[PDB]
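This report concerns only the one structure given below.
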Amino acid sequence: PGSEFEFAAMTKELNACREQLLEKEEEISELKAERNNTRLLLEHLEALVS
Amino acid sequence: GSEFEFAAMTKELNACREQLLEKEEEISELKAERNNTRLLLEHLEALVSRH
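Each protein sequence line maps, in turn, to chains B and A. Position in the first sequence (from 1) plus 96 gives the number in PDB author numbering. Position in the second sequence (from 1) plus 97 gives the number in PDB author numbering.
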């Protein structure tokens, strides 16, 4: 009864959490790619100034 | 409907929670690093645009 409600709540959260795992991993990759490009830009700027 | 199903689901949900937090913290740290370079570039842009 209450065991069913709670187990259903856990199953619901677990599914949502797993969906987010993929999404957040993708964002991490996006951020790392943006970071790498910014590093290159900053390197080019340093070269040009000095 | 196993006997140890509830305990198993509990452990699996906690594992996922921990994995998710780990990613969220890395995202926050990366955004912190991005904010640093972002402010730098905006500073550089302002100096040249002022010129």
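Don't be surprised by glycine CBs; every beta carbon is placed ideally from N, CA and C.
Residues of the stretch 124–141 of chain A with a Cβ closer than 9 Å to any Cβ of chain B, in chain order: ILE124, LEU127, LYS128, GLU130, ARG131, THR134, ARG135, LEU137, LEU138 and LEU141. Between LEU144 (chain B) and chain A, the shortest Cβ-Cβ separation is not below 7 Å.
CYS113 (chain A) and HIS140 (chain A) have their C-alpha atoms roughly 41 Å apart. Rounded to the nearest whole angstrom, the C-alpha separation of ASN132 (chain B) and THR134 (chain A) is 12 Å.
When 8 Å is used as the limit between beta carbons, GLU115 (chain B) is near no residue of chain A, the shortest such separation being about 10 Å.
Taking the CA atoms as reference points, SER99 (chain B) sits about 12 Å from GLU100 (chain A).
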